[PDB]
Amino acid sequence: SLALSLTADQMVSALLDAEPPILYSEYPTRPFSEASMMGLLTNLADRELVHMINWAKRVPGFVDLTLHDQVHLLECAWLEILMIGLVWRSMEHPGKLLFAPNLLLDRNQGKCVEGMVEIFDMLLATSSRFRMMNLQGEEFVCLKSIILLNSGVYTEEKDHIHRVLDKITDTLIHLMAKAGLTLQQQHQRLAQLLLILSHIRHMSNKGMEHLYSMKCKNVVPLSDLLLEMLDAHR
Amino acid sequence: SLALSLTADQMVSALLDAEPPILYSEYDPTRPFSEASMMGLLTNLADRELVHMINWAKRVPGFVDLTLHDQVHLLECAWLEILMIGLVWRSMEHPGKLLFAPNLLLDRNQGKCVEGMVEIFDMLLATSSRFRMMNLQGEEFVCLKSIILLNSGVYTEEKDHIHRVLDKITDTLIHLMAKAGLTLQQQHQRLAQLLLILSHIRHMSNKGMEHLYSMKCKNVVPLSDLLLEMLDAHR
Amino acid sequence: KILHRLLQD
Amino acid sequence: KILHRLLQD
Ligand SMILES: O/N=C/c1ccc(-c2ccc(O)cc2)c(Cl)c1O
Ligand SMILES: O/N=C/c1ccc(-c2ccc(O)cc2)c(Cl)c1O
């Protein structure tokens, strides 16, 4: 491998430079219909997915996996990864979800799509939780990588994935020790961060279910790439 | 509150003594299996297990200090996560088999007798294999189960108290790992490995919850009133 | 709610 | 799969 040789400072710089760009929404003069808001979200997700693959390939250890393992991990965590990115962008905008710099939504916009307010409330709760925890960008890129490797690990090669997961854990602890936190505060914060991933998984399952209902309704056009990512969960 | 005034060793002993019993199944081995009977065994067992889980949650430090509304909400969110991690724990020494009860040992081939149940079985089997490889200790198990109870519903002042208890359970897990001779690097790593598994238990519960609502709409399986209330709490 | 009753019993 | 082409490219 090559990720196991990296120092924790090198691991951070590798992940920071691997960050995908912030894409703009295709929006403008639209009070949102239920079909227009979901169109923006799915269109943004489809274009964000293209950058996620290049980001995943730049995650230390992901290139060492077989093509099928890479597909399986991405097929399981893609919506989690999009959501934790949305949650991260929305930190400095309390009560608002920054889907894009030109697409800032609150929970009232969630009422424009049935079943969306519940997902909105959960996303806002995670974002406020990151705000209270004072989540740093160095920590965020570690959590996003952990989601990628961990979410599909339970469906030799897995021994390497767990070895890379240990490395990112070491990197998280290094970041907290570098910030002046005590040893007790280090494992406490590590525990607080990883327990949020359980809820990110929960929101993904709720959102994955909501996306399936949009398909059977077929009012919202879904890209073939998006349909294939969706068919991998059911 | 008293959960904060507890040392790590006192926290472990309190959780261990609060452990619910291992209930048996109403399983007649001379009854041929059917999709209605196997699901009837899993739901009947879960219904009797819920009664003990309610009294186990009261003995969890910090849970009693919460309002009854918060208690109802946390149990409605995590009751299947807790049932599953318990099932996974009991089945740790039975590879390829899920020990729902001492008289109810099932493999994935029996899960095919119920539609959509194989996918949940394999995830439960993989979780049990993961605990076996990690050599999960009983002291660590009662902590993870208590973490699930307090953490699964915390996102829907009382919330600050819940996180104060959660941090104490983390101090407990680290205390156990330091006591077992692990280095500080190994301590953080195992702590991370254990908490990352809760993400999969959450995933299994989400899937099991959806499959349960599927059983309700077909109504070939009799569901107890307590089980139907827990099911309507997620949707 | 049944859960509410069992929690206060 | 489209995901296959994206990972390889
Ligand atoms: O039915 N709705 C499905 C859905 C799809 C994508 C997204 C999404 C999430 C994060 C993004 O950066 C961008 C987009 C959301 Cl929030 C959804 O609810
Ligand atoms: O549709 N029904 C789903 C379902 C319900 C309960 C249980 C269950 C789990 C653990 C127990 O101790 C006892 C029972 C399982 Cl594994 C299920 O898949």
# chains A, B, ... in the order shown; residues from 1 in each chain; ligands from 1
$ residues_near_ligand --ligand "ligand 1" --cutoff "10 Å" --atoms "only C-alpha atoms and all ligand atoms" --output "PyMOL selection string"
chain A and resi 22-23+25+37-49+78-89+97-100+110+113-120+123+203-204+206-215+220+222+226
$ residues_around --residues "residue 6 (chain D)" --least-positions-apart "6" --cutoff "12 Å" --atoms "only C-alpha atoms" --output "VMD selection string"
chain A and resid 49 to 57 67 70 to 71 74 225
$ residues_around --residues "residue 153 (chain A)" --least-positions-apart "5" --cutoff "12 Å" --atoms "only C-alpha atoms" --output "list in words"
residues 65, 69, 70, 71, 72, 73, 74, 75, 76, 77, 146, 147, 148, 158, 159, 160, 161, 162, 164 and 165 of chain A; 123, 126, 127, 130, 193, 196, 197, 199 and 200 of chain B
$ atom_distance --atom1 "CA of residue 111 (chain B)" --atom2 "CA of residue 151 (chain A)"
23.4 Å
$ residues_near_ligand --ligand "ligand 2" --cutoff "6 Å" --atoms "only C-alpha atoms and all ligand atoms" --output "mmCIF file with N, CA, C and O atoms, in the first residue's frame"
data_model
loop_
_atom_site.group_PDB
_atom_site.id
_atom_site.type_symbol
_atom_site.label_atom_id
_atom_site.label_comp_id
_atom_site.auth_asym_id
_atom_site.auth_seq_id
_atom_site.Cartn_x
_atom_site.Cartn_y
_atom_site.Cartn_z
ATOM 1 N N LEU B 42 -40.001 -14.627 15.451
ATOM 2 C CA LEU B 42 -39.113 -13.484 15.634
ATOM 3 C C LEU B 42 -39.848 -12.308 16.266
ATOM 4 O O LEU B 42 -39.280 -11.589 17.095
ATOM 5 N N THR B 43 -41.116 -12.105 15.900
ATOM 6 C CA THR B 43 -41.874 -10.987 16.450
ATOM 7 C C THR B 43 -42.362 -11.275 17.866
ATOM 8 O O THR B 43 -42.338 -10.384 18.723
ATOM 9 N N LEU B 45 -40.830 -13.192 20.015
ATOM 10 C CA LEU B 45 -39.646 -13.077 20.857
ATOM 11 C C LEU B 45 -39.285 -11.617 21.095
ATOM 12 O O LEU B 45 -38.955 -11.225 22.222
ATOM 13 N N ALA B 46 -39.352 -10.796 20.045
ATOM 14 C CA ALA B 46 -39.050 -9.377 20.194
ATOM 15 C C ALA B 46 -40.037 -8.699 21.136
ATOM 16 O O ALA B 46 -39.663 -7.807 21.905
ATOM 17 N N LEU B 83 -32.137 -4.696 20.148
ATOM 18 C CA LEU B 83 -32.459 -6.105 19.943
ATOM 19 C C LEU B 83 -31.445 -6.774 19.027
ATOM 20 O O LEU B 83 -31.052 -7.923 19.255
ATOM 21 N N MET B 84 -31.003 -6.063 17.986
ATOM 22 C CA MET B 84 -30.115 -6.670 17.002
ATOM 23 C C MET B 84 -28.700 -6.829 17.546
ATOM 24 O O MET B 84 -28.076 -7.879 17.358
ATOM 25 N N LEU B 87 -28.819 -9.753 19.773
ATOM 26 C CA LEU B 87 -28.805 -10.963 18.957
ATOM 27 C C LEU B 87 -27.409 -11.238 18.413
ATOM 28 O O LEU B 87 -26.919 -12.372 18.463
ATOM 29 N N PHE B 100 -31.219 -16.446 18.033
ATOM 30 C CA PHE B 100 -32.350 -15.663 18.519
ATOM 31 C C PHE B 100 -32.724 -16.083 19.933
ATOM 32 O O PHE B 100 -33.055 -15.242 20.777
ATOM 33 N N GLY B 208 -34.382 -3.509 8.807
ATOM 34 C CA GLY B 208 -35.318 -4.347 9.533
ATOM 35 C C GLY B 208 -36.623 -3.645 9.841
ATOM 36 O O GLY B 208 -37.688 -4.270 9.830
ATOM 37 N N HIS B 211 -38.638 -3.694 6.595
ATOM 38 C CA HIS B 211 -39.153 -5.043 6.375
ATOM 39 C C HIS B 211 -40.279 -5.376 7.347
ATOM 40 O O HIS B 211 -41.192 -6.135 7.001
ATOM 41 N N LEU B 212 -40.236 -4.817 8.558
ATOM 42 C CA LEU B 212 -41.296 -5.057 9.531
ATOM 43 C C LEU B 212 -42.600 -4.403 9.093
ATOM 44 O O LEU B 212 -43.672 -5.015 9.172
ATOM 45 N N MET B 215 -44.276 -6.488 6.649
ATOM 46 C CA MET B 215 -45.042 -7.585 7.230
ATOM 47 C C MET B 215 -46.405 -7.111 7.716
ATOM 48 O O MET B 215 -47.395 -7.847 7.627
#
$ interface_residues --of "chain D" --to "chain A" --cutoff "7 Å" --atoms "only C-alpha atoms" --output "ChimeraX atom specification"
/D:2-3,6-7
$ interface_residues --of "chain B" --to "chain C" --cutoff "7 Å" --atoms "only C-alpha atoms" --output "PyMOL selection string"
chain B and resi 54+72+226
